[PDB]
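> Take this structure, written in C-alpha cells, and hold onto it; I'll ask about it next.
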Amino acid sequence: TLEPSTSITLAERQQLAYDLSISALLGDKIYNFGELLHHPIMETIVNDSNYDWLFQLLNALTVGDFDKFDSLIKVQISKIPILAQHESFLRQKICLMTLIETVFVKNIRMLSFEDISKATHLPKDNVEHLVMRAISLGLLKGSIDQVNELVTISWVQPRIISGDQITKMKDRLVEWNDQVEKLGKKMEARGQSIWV
Amino acid sequence: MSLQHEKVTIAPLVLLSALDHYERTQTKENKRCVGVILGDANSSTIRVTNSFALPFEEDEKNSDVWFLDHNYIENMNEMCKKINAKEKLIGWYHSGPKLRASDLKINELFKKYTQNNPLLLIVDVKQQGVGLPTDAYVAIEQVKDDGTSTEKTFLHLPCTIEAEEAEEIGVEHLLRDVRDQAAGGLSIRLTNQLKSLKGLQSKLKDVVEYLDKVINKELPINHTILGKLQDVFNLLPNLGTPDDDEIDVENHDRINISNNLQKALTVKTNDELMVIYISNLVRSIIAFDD
Amino acid sequence: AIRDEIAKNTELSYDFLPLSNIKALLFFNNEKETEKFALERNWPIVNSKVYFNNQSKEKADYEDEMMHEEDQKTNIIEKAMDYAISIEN
C-alpha cells in the first residue's frame, strides 16, 4: 500500500530489506522466502557485500540446499551475533522448509522417517523432533505411527507459488478431468432412456 | 459501509424485471441496461428484493464514458418508501454477459448512497450458467500481498435465492414443466446425478487451461486462487485408507437393503397376479352362463 | 502328462520347496532333469528354492488379459446403474 510519492530513501529501502531477511531467517513460521524474492525491495537489492550472502541465504531455503546454507552461515554467524543468539531456529528453519516441500510435490501424502533423514540431513532421533516441532507450529496435521516409522500427512498449509509448482498442480487435474469424463461417458451409455 | 459479506440472496423478481427493462430501453451491442438495485443490507447476506431502471446511456466507443442521471435516483427512492419503506440502494445491476473494467468506476457513484459496499448483479439476458443466470460480486478495496498495489476489485460471493412463498407458487403456476433439474422420483434424480458429474467436468476444464495461460501467456500469478487449489488436494482422498475401506462395508449395507426391498416389492405384485387370476376364474363362469 | 499335473498343483500347495522335495514330486531321478523342467515350465528356482507365488500371479494375470474385461472386474458404478434401469424399465 506504499505511496507513489517518493519520501523513502535508498537507505531505508535497504534497511528494511535487511530486517525482512533477518525476520525470516530467525522466524519459525515464515515460508514467505519467495515473497521477498518476488518483491522489488530485496530482489534488486544485492548491490552491497552484505546483500551478496543474504540473498543467497534466502535462495538456499527455496531449493533445499544445506551445504550452501551452512557455508554462508558459518562465516556470518560469528560476525553478526544476532544470528548467533538465535541459531537454533535458524538451522532448523531449512529442515522445516524442506519437510513441507517434499510432501507437496508428491501425490501420496506420507513420508518415511528414513526419507526425512536423507532429505533434512538429520539423524533418526532428531527426525522425530522435527515432526513434533512442525505439528506444534501448526504447519501440518495428521498422525504418527512409530511402529511402522511413518508420519502420514493429511493437511498442508498454503505456501508460495512458482512456475514449476503450477505444472505440478496442473497435471493432477488432467488425470481427474480424464477420470470424470470417461466415468460419465460410461454412465451416460447405461440407462440412456432413463434421463427423464 | 459493511465490509462483512458472505452471500447474496436474490428474489426471483429481480432477474425477470431487469430482462423486461432491458428490452424496453432496447439495449444491445455494448449498450447495456443499468438500473439501481434495491433491498436489505448491513447484512452478510445481501437480500435483493427489487430492482428498477434508471435513465442511463452507455457509449460503446468508450465505456469509461457513461451517463448517469443522479437527480432521478433520489426521487425514485421516495416512491420506493411508498411501496415499502425498507428498500434502499445496495448496489446496481448490469445486464451484460460479463464483468467490465468500466464497472469499477461506475461502482464509485453508488457508494455515495449506500451503507454497504455496492453490489454488482449481472443479470444475463441470454440466461447462461449451469446454476442461476446471475453472477454476483461486491466491490471490496484491499491490500494485495503479492507485491502489487491496493486494488478495488470485485470479489465473487455465492448466489442463492430467497423467494416469498406467495411469489414462489406463482412460479409453479406459470411453469408447466415437470422438472428434470430438481428432485423427483428415481429417474429424475438419476438425471440429477449424471447432471452434477457433467457439471464438474466443465468446471474442472476451466482450471486446467487457466494454469496453462499463466506460464505461457503470462496472466497474473494470483496466490489466493491457487491457495484454495492446494486445499483441493489435501482434502482429496488417498487409496488404502481404512475410511475408504469403510465405504466398501457401507456399500454392502445399503445395497442389501435395496436387495430386500426389491424382494418385498416382488412379493406384493405376486399377490396381484393371483388376484387377477381369481378375477378371470370367476369371469369364466359368468361368460359360460350367458 | 503327470509331470505337468503336479506342477500346477504345487502352485497352490507351496511357495517354498528345496531341490530334493521338487525332485520327488515331479517323479524325477536326476537333478538336472528337475532343473530342466523348471526352466521350461517357467519356475524361478533361484538358490535351489522355488517361488510359486510369482507363478500364481502369471496365471491369474493371464485370466484377466483376455478382453471381456469391463464386466469381469465388475464396476461399483455399473451395479447401481443396472439396478436402477430395471425399476425404470
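Every chain in the C-alpha cells takes a letter, A first, then B, and so on in the order presented; its residues are numbered from 1, and the ligands are numbered from 1 following the presented order.
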Please find the residues of chain A near chain B - the criterion being any atom within 7 Å, counting only C-alpha atoms - and write them as number ranges by chain.
A: 1, 39, 154-156, 158, 161, 163, 166, 170, 173-174, 177, 180-181, 184, 194-196
> Near chain B, which residues of chain C fall within 10 Å when you count only C-alpha atoms, and what do they look like as an MDAnalysis selection string?
chainID C and resid 76 79:81 83:85 87:88
> Specify as a VMD selection string all residues of chain A found within 8 Å of chain C, counting only C-alpha atoms.
chain A and resid 187 190 to 191 194
> Output C-alpha atoms for every residue in the selection just made, as an mmCIF file, in the first residue's frame.

```cif
data_model
loop_
_atom_site.group_PDB
_atom_site.id
_atom_site.type_symbol
_atom_site.label_atom_id
_atom_site.label_comp_id
_atom_site.auth_asym_id
_atom_site.auth_seq_id
_atom_site.Cartn_x
_atom_site.Cartn_y
_atom_site.Cartn_z
ATOM 1 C CA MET A 187 -22.761 -43.929 -17.068
ATOM 2 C CA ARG A 190 -26.169 -47.106 -19.471
ATOM 3 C CA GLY A 191 -29.797 -46.007 -18.943
ATOM 4 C CA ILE A 194 -33.747 -43.056 -18.035
#
```
> Report, in Å with one decimal, the straight-line distance from atom CA of residue 67 of chain C to atom CA of residue 11 of chain C.
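Interatomic distance here is 25.1 Å.
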> As a PDB file with C-alpha atoms, in the first residue's frame, please: every residue in chain C that DSSP puts in helix (DSSP H, G or I).

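The resulting file, out_5.pdb, is reproduced below:
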```
ATOM      1  CA  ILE C   2       1.543 -86.327 -14.939  1.00  0.00           C
ATOM      2  CA  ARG C   3       4.633 -84.152 -14.581  1.00  0.00           C
ATOM      3  CA  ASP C   4       2.604 -81.138 -15.783  1.00  0.00           C
ATOM      4  CA  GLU C   5      -0.374 -82.003 -13.480  1.00  0.00           C
ATOM      5  CA  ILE C   6       1.580 -81.970 -10.201  1.00  0.00           C
ATOM      6  CA  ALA C   7       3.430 -78.840 -11.327  1.00  0.00           C
ATOM      7  CA  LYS C   8       0.129 -76.931 -11.444  1.00  0.00           C
ATOM      8  CA  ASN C   9      -0.871 -78.352  -8.072  1.00  0.00           C
ATOM      9  CA  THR C  10       2.275 -77.232  -6.284  1.00  0.00           C
ATOM     10  CA  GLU C  11       1.436 -73.609  -7.021  1.00  0.00           C
ATOM     11  CA  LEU C  12      -1.376 -73.805  -4.504  1.00  0.00           C
ATOM     12  CA  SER C  13       0.320 -76.141  -2.016  1.00  0.00           C
ATOM     13  CA  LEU C  19      15.509 -79.096  -4.678  1.00  0.00           C
ATOM     14  CA  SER C  20      15.185 -82.578  -3.100  1.00  0.00           C
ATOM     15  CA  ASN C  21      11.487 -82.068  -2.432  1.00  0.00           C
ATOM     16  CA  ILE C  22      10.918 -80.844  -6.021  1.00  0.00           C
ATOM     17  CA  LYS C  23      12.739 -83.895  -7.451  1.00  0.00           C
ATOM     18  CA  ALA C  24      10.489 -86.467  -5.699  1.00  0.00           C
ATOM     19  CA  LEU C  25       7.175 -84.769  -6.541  1.00  0.00           C
ATOM     20  CA  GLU C  31      18.739 -83.495 -10.512  1.00  0.00           C
ATOM     21  CA  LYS C  32      19.438 -81.959 -13.952  1.00  0.00           C
ATOM     22  CA  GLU C  33      16.030 -83.146 -15.201  1.00  0.00           C
ATOM     23  CA  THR C  34      14.312 -81.222 -12.385  1.00  0.00           C
ATOM     24  CA  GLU C  35      16.192 -78.028 -13.287  1.00  0.00           C
ATOM     25  CA  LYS C  36      15.450 -78.754 -16.978  1.00  0.00           C
ATOM     26  CA  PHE C  37      11.690 -78.826 -16.423  1.00  0.00           C
ATOM     27  CA  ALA C  38      11.903 -75.780 -14.141  1.00  0.00           C
ATOM     28  CA  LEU C  39      13.276 -73.609 -16.945  1.00  0.00           C
ATOM     29  CA  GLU C  40      10.664 -74.770 -19.451  1.00  0.00           C
ATOM     30  CA  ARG C  41       7.690 -74.639 -17.055  1.00  0.00           C
ATOM     31  CA  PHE C  52       5.440 -70.335  -6.658  1.00  0.00           C
ATOM     32  CA  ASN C  53       3.707 -67.057  -5.716  1.00  0.00           C
ATOM     33  CA  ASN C  54       5.356 -65.432  -8.725  1.00  0.00           C
ATOM     34  CA  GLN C  55       3.873 -68.318 -10.747  1.00  0.00           C
ATOM     35  CA  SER C  56       0.320 -67.791  -9.402  1.00  0.00           C
ATOM     36  CA  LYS C  57       0.489 -64.110 -10.436  1.00  0.00           C
ATOM     37  CA  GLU C  58       1.210 -65.056 -14.035  1.00  0.00           C
ATOM     38  CA  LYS C  59      -1.708 -67.497 -14.313  1.00  0.00           C
ATOM     39  CA  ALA C  60      -4.105 -65.028 -12.617  1.00  0.00           C
ATOM     40  CA  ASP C  61      -2.845 -62.203 -14.840  1.00  0.00           C
ATOM     41  CA  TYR C  62      -3.461 -64.362 -17.933  1.00  0.00           C
ATOM     42  CA  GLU C  63      -7.107 -64.856 -16.871  1.00  0.00           C
ATOM     43  CA  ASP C  64      -7.690 -61.016 -16.799  1.00  0.00           C
ATOM     44  CA  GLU C  65      -5.770 -60.144 -20.019  1.00  0.00           C
ATOM     45  CA  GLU C  69     -12.707 -57.147 -19.136  1.00  0.00           C
ATOM     46  CA  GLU C  70     -15.225 -54.476 -18.148  1.00  0.00           C
ATOM     47  CA  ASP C  71     -17.741 -56.859 -16.678  1.00  0.00           C
ATOM     48  CA  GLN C  72     -15.140 -59.354 -15.451  1.00  0.00           C
ATOM     49  CA  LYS C  73     -13.796 -56.855 -12.922  1.00  0.00           C
ATOM     50  CA  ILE C  76     -19.188 -50.498  -8.463  1.00  0.00           C
ATOM     51  CA  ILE C  77     -20.814 -47.837 -10.565  1.00  0.00           C
ATOM     52  CA  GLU C  78     -22.203 -50.383 -13.037  1.00  0.00           C
ATOM     53  CA  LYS C  79     -24.158 -52.410 -10.410  1.00  0.00           C
ATOM     54  CA  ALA C  80     -26.151 -49.383  -9.287  1.00  0.00           C
ATOM     55  CA  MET C  81     -26.889 -48.402 -12.869  1.00  0.00           C
ATOM     56  CA  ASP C  82     -28.190 -51.887 -13.587  1.00  0.00           C
ATOM     57  CA  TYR C  83     -30.458 -51.884 -10.577  1.00  0.00           C
ATOM     58  CA  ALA C  84     -31.842 -48.524 -11.482  1.00  0.00           C
ATOM     59  CA  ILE C  85     -32.825 -49.236 -15.084  1.00  0.00           C
ATOM     60  CA  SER C  86     -34.727 -52.375 -14.267  1.00  0.00           C
ATOM     61  CA  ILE C  87     -37.026 -50.471 -11.957  1.00  0.00           C
TER      62      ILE C  87
END
```
> What are the DSSP strand (DSSP E or B) residues of segment 129-187 of chain B, as a list in words?
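For segment 129-187 of chain B, the strand (DSSP E or B) set is residues 134, 135, 136, 137, 138, 139, 140, 141, 142, 151, 152, 153, 154, 155, 156, 159, 160 and 161 of chain B.
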> Rounded to one decimal place, report the atom CA of residue 206 of chain B-atom CA of residue 164 of chain A distance in Å.
19.8 Å
